[PDB]
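Engineer:
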Amino acid sequence: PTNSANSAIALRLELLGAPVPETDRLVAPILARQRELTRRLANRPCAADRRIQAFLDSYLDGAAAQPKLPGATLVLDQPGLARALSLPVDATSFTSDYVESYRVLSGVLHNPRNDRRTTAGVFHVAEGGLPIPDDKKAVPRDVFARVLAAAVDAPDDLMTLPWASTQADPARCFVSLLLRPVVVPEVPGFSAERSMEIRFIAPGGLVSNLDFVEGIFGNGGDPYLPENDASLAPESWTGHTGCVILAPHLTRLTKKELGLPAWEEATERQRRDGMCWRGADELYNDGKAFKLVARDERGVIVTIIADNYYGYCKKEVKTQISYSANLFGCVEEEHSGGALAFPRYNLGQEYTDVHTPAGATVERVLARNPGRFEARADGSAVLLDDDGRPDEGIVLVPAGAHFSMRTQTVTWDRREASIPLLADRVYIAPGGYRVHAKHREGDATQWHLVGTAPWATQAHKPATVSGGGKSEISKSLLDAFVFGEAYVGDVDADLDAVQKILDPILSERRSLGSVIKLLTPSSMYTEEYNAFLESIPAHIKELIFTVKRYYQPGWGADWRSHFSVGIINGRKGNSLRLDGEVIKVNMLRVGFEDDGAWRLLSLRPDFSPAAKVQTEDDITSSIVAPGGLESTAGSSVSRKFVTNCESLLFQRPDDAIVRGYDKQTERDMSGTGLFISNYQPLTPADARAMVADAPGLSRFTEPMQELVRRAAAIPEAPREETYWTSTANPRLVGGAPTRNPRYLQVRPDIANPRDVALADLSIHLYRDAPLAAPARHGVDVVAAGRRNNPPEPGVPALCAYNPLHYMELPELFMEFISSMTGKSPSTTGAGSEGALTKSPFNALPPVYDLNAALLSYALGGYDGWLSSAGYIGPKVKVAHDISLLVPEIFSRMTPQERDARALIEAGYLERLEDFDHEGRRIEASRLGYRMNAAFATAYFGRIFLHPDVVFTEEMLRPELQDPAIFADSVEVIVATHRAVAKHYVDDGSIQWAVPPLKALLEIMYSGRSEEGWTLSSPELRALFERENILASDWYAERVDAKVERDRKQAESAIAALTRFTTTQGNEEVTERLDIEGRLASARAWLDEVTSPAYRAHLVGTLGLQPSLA
Amino acid sequence: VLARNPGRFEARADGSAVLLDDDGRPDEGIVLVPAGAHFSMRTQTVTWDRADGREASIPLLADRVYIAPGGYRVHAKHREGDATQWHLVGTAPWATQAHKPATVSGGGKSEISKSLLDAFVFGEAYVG
Ligand SMILES: [Co+2]
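Protein sequence lines, in the order shown, are assigned to chains A and B.
Per PDB author numbering, the first sequence runs over residues 8 to 28, 39 to 431, 435 to 523, 542 to 755, 758 to 1149.
Per PDB author numbering, the second sequence runs over residues 382 to 509.
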């Protein structure tokens, strides 16, 4: 429906009175009637813009101007219009000084004037509002007023809708969009999802930007309807309203003309910020992109962006969401990744279920879910379609069922039943454990069974600097597999030695896993028996498990003759062969040696990557709920729940420049319907050229080749040329390929909804809860990541960390406050992405974020883990090889096992302590605890086959690589803590930090708290304990501020509902929407928020910053 | 207790825990409770305070045995003289083992293990 879209467009422009040039066009002449009954109403702004203008006029009362939001906007009331507006009605390309745009085979492509985001000096904040953070630029209120006035007077080129840009009289208007981005997640017994409202306003030239945000955050509809006025559905809003105005022309204005002072009359701060001029011609922000924010406690945040690169739009929603979170209480916005992981197993050819707990049975499942299943005569059952017919894709089977790839059947007795075992099905037992068949990861011709356990673990990866691998938590481990060989030293000796050990091991009703348990030292084996296991060399065990995996009944004790090594050029070979074919085993790389050689480590032959379902990526909303509720039934401590605010993810495929390497990107970008940016627009001629380069073509994955061939198959041309994009061809900037190629990827839980459905189903069954009930999951483990680097000329050492550190809360928060990186070092230490990595996306005093975060860890009893990315010590490169293992390790440990206290009591974590180096105290105690060789032996044995060679001694103890550098890294850490803490001292923020953080900041800055404490003072450490917080006045003061905010908003809701129900001529809308049924709920709510039961249900939540009540 | 016995218990949200069956399912007959727990036959509940101030509360029932973390047990029973009056019984865990050897007939060798409850007499509280 294309003319469908152009009609919708023509129609709306006509209603706005904008210029215009087929069956539907004729049935709209009663537009021309209502047009002469519209000029009896004056232009009244929507409910959202009314709230925005009220703030702006109050805020700039008696300033140099009180500008007006544009009133004549083309309103994008439906999804899909904005894309259709982005290209000329009659052409496939468009060009302005602001954007080059193209219709491409894979969707739409937009290359903006600037191809990347900046953060240095970009974030500006206006005086007259809440306090400015020390790290931002301070802008006088009069200057803000003038920049806002310039922003609503945009030039004609910029205002020209691309869609009508080729017509005689091109339409020129502001376009605008209502968003309702999520800020408060849903938690079943606890919280309704709530959202703020944002109004995106932009010159018609930049309608691509609206398309951009609408795909990520959804279309909120027509703001002028009371269905979509936020105040009227208070139960689901935060009380807060944001505005974003795109205005790239503002980088032409001078500092003088906006009323900034000359250098001589300027404060030291104004001179630090460049908010003064030595020359009349000095451009504002030196002509570079910026954003200018105004806000205060009233709940309205107004941002102007002087650039149209799509990133800034995304990150301004973020910022505004973060603003709303800070004023709502109880919630946080975070910059974080995450995934819900279910351990998996390679069950071989033959497997009997042994993980259904007694009590769990087909009958009980069926009884708990009336009408969801179709019970079968044999004992199995199948789910029903939403339309009442059975779906054969998912088969519930009895406890103790047996699965056989030899017979291709699932069997059980009760009278033996038997159903087909088929590749396109998933078989699930009554406690939620799944079984399915798949081809081996390296080989489409070999197949085996996979078990998925239902006791998932949800990882959360916050506050992780760039390079730290935030996205890696949810990335797939299967793409990292390397396929190596089974090692043989001397084939006669080794196989003889395998023989001896086999004397029942090759019995077909003894699994591969049990054999591994058999031959792994355990503390419930005779101490003689373990010494025997230690006598078995590493490679002989691997050879046994390999023999086990491939053993056939048919060979019956003459297995030996099926195994060999080749004689390669007269030398006995080192790879075990099965009937002459080299056997292939799965490995992962774990970092690199000093000279850059790969370290490869055999995975266990019963390991399969955990199944992950992404829970977070970049913009995250989170709430902390107390324990003992519906959604926290098994927890004494608070729990954290999350929701991803974005439906599409703005990816930068750095790796896809190399052909064939990034399989996921190449697949996605060969699809359709995508928003694409910073790629080179290619033509069918370019495709024909690339086809004819047969070597180059053959390096693409198949999806991208089909795309190259579709484009090659298109007969030629002018303004209807066909365009396409290639992963190998990012946009040329300065005749070199850009390093910021981009596309909006469909969130992988939305793209693969069967994976979600299966996870949910396993959870319900594991909990014995009905499918009708929601079964929310909260966060189990927090594992942040760090970018570590070796020192270099002009790059400070930051490589003290081993693979995995645990940090108690004070040390954790030094890390979080600092968010340190080797990129952009300061005068005294390292670069900082600011509190929680959110300095570029936080318009408020960062202490509000910090107070909340702290409470979340302490009240939730969450151990702070830190994984290592980049380098471990100066010499060992790791890339993200450890980032990827995190969820696999924690998800295969019980909560009791992975508790930090338990690991310290068993000797699996080792504390770091201060020491002297060249007579200076090195404060290595700030690095917390770290894993040691015993942790590797105890637990990495659940992924890898030789857990003792996984990490070298130098990897576990990076100080052995070079003790000088280790001490240099810790000094860099301490200097960087100081420089960061100084921000809180200079702006007075330190006074608003909660006691444990105030002290922590004081120590970071000067060495001692105000009371004289240091990091090891028991009094300071006691302020971070869960019990002392819950007892404190300051925590009670936050709970009470939250009650008081909620009360005022419930009063502001009652006042808004009434005024509407008693405005002239609103009676028919008032009954249709059951508004007085809402006003009764709003009246019952006010009573509830003031009641004591409500104050008590808030104990164990984050509360609110009292100054913001 | 829980940490010294991995996999033997099922920890509860309220702070209590219960032993697991030979077959992996919880046995409600024995309830581990926190140090400082309060036991009330009037409310028929075991209560204790939480750091958050909520006050936890489980049923106090005659067919159960409640045990604190150092091994001291609490259960309910009818008075020895009267099936209609009930009270709580504490059992301390610091036992003493007696041994009664080389005791001639009439010396009461078996008496060491015989029940003292059968010897109770029920008298009155004296008022002058
Ligand atoms: Co980001």
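Quick reminder that beta carbons are idealized off the backbone N, C-alpha and C, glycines included.
Taking C-alpha atoms, which residue in A:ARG1123, A:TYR911, A:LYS878 lies nearest to A:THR336?
Structural biologist: Checked all of A:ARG1123, A:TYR911, A:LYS878; the closest Cα to A:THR336 is A:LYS878.
Engineer: Taking the C-alpha atoms as reference points, what is the distance between A:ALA101 and A:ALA449?
Structural biologist: Each residue's alpha carbon lies about 49 Å from the other.
Engineer: In the structure shown, what three-state DSSP assignment does A:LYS85 receive?
Structural biologist: The answer is coil: DSSP assigns A:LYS85 none of H, G, I, E or B.
Engineer: Is B:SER494 helix, strand or coil by DSSP?
Structural biologist: Helix.
Engineer: Any beta carbon from chain B within less than 9 Å of A:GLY666's own beta carbon?
Structural biologist: With 9 Å as the cut-off, A:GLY666 counts as an interface residue toward chain B.
Engineer: Specify the secondary structure class of A:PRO360 as computed by DSSP and reduced to three states.
Structural biologist: Three-state DSSP puts A:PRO360 in a strand.
Engineer: Can you check the region 572-650 of chain A for any alpha helix (DSSP H) of at least 4 residues that lies completely inside it and give the ranges in chain order?
Structural biologist: Taking only runs of at least 4 residues, the alpha helix (DSSP H) segments lying wholly in the region 572-650 of chain A are 576-588.
Engineer: Which residues mark the beginning and the end of the beta strand (DSSP E) in which A:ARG961 is found?
Structural biologist: Per DSSP, A:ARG961 belongs to the beta strand (DSSP E) from 960-962.
Engineer: Report the option in A:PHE738, A:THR1016, A:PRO831, A:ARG726 whose CA atom is closest to the CA atom of A:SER859.
Structural biologist: Minimum Cα distance to A:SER859 is reached at A:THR1016.
Engineer: What first and last residue would you give for the beta strand (DSSP E) that runs through A:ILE448?
Structural biologist: Segment 446-448, the beta strand (DSSP E) holding A:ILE448.
Engineer: How about the region 318-334 of chain A and the region 625-639 of chain A: do they share at least three Cβ pairs that are nearer than 8 Å?
Structural biologist: Taking 8 Å as the limit for Cβ pairs, the verdict is that the region 625-639 of chain A does not touch the region 318-334 of chain A.
Engineer: Looking only at its chain, what residues have a beta carbon closer than 6 Å to the beta carbon of B:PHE503, apart from the 5 residues adjacent to it on each side?
Structural biologist: For B:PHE503, where only same-chain residues beyond five positions count, the Cβ hits under 6 Å are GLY462.
Engineer: Collect the residues with a C-beta less than 6 Å away from any heavy atom of ligand 1 and give them in sequence order along the chain.
Structural biologist: Spelled out in chain order, the answer is A:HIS352, A:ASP656.
Engineer: Applying the 10 Å Cβ sphere with the 16-neighbour rule, what's the burial state of B:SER496?
Structural biologist: Label assigned to B:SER496: exposed.
Engineer: Assuming A:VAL106 and A:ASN13 make a contact with CB atoms under 8 Å, what is their CB distance in whole Å?
Structural biologist: About 6 Å; that satisfies the 8 Å criterion.
Engineer: Under 8 Å between beta-carbons, which chain A residues line up against B:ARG406? List them in chain order, please.
Structural biologist: Neighbours of B:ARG406 on chain A, chain order: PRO374, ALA375, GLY376.
Engineer: Taking A:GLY365 as the reference, which of A:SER421, A:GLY354, A:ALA358, A:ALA81 has the closest Cα?
Structural biologist: Ranking the options by Cα distance to A:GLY365, first place goes to A:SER421.
Engineer: Helix, strand or coil, according to DSSP, for A:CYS293 in the structure here?
Structural biologist: It is coil, neither helix nor strand.
Engineer: A:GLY981 touches chain B at which residues, Cβ-Cβ below 9 Å?
Structural biologist: Here the premise fails: no neighbours, minimum Cβ distance about 17 Å.
Engineer: Pick helix, strand or coil for A:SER802, following the three-state DSSP scheme.
Structural biologist: A:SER802: helix per DSSP, three-state reduction.
Engineer: Could you tell me which of A:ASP795, A:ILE439, A:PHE1064, A:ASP159 sits nearest to A:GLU409, measuring between CA atoms?
Structural biologist: Of the candidates A:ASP795, A:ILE439, A:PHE1064, A:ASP159, the one whose C-alpha sits nearest the C-alpha of A:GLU409 is A:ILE439.
Engineer: Rounded C-beta distance between A:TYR763 and A:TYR119? I'm assuming under 8 Å.
Structural biologist: With 8 Å as the limit, A:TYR763 and A:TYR119 qualify as a contact, their Cβ atoms being about 4 Å apart.
Engineer: Hey, could you find the ends of the beta strand (DSSP E) A:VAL887 is sitting in?
Structural biologist: First-last for A:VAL887: 886-900, but that is the alpha helix (DSSP H), not the beta strand (DSSP E).
Engineer: Could you check which residue in A:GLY417, A:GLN51, A:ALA1021 has the C-alpha nearest to that of A:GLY869?
Structural biologist: Comparing Cα positions, the closest option is A:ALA1021.
Engineer: Return the CA-CA distance between A:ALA723 and A:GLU244, expressed in angstroms with no decimal places.
Structural biologist: Near 51 Å, if we compare the C-alpha coordinates of A:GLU244 and A:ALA723.
Engineer: Look at B:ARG406 and A:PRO374 and say whether their C-beta atoms are less than 9 Å apart.
Structural biologist: Yes. Within cutoff.
Engineer: So, for A:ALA978: in the same chain, excluding its five sequence neighbours on each side, which residues have a beta-carbon less than 7 Å away from its beta-carbon?
Structural biologist: Closer than 7 Å at the Cβ level, and outside the excluded window around A:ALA978, lie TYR948.
Engineer: Per DSSP, B:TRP467 forms a beta bridge with which residues?
Structural biologist: Answer by DSSP bridge pairing, in chain order: B:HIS459.
Engineer: What are the start and end residues of each continuous alpha helix (DSSP H) run of 4 or more residues lying completely inside the region 213-280 of chain A, in chain order?
Structural biologist: For the region 213-280 of chain A, whole alpha helix (DSSP H) runs of length 4 or above, ordered along the chain, are 225-234.
Engineer: At 7 Å on the CB atoms, spell out the chain B contacts of A:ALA942, in chain order.
Structural biologist: What A:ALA942 touches in chain B: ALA384.
Engineer: Would you mind stating whether B:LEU413 and B:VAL382 have Cβ atoms separated by less than 9 Å?
Structural biologist: Result yes, Cβ atoms of B:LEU413 and B:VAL382 sit closer than 9 Å.
Engineer: Under a three-way DSSP split, which group does A:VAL511 fall into?
Structural biologist: Correct three-state label for A:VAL511: helix.
Engineer: Does the beta-carbon of A:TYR902 have 16 or more other beta-carbons within 10 angstroms, so that it is buried, or is it exposed?
Structural biologist: Classification of A:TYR902: buried, given that the 10 Å Cβ count is 16 or more.
Engineer: Among A:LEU23, A:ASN226, A:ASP174, A:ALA167, whose alpha-carbon lies nearest the alpha-carbon of A:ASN128?
Structural biologist: With distances taken between Cα atoms, A:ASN128 lies closest to A:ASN226.
Engineer: Exposed or buried, what is A:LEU1000 when buried is set at 16 or more other beta-carbons lying within 10 Å of its beta-carbon?
Structural biologist: It counts as exposed.
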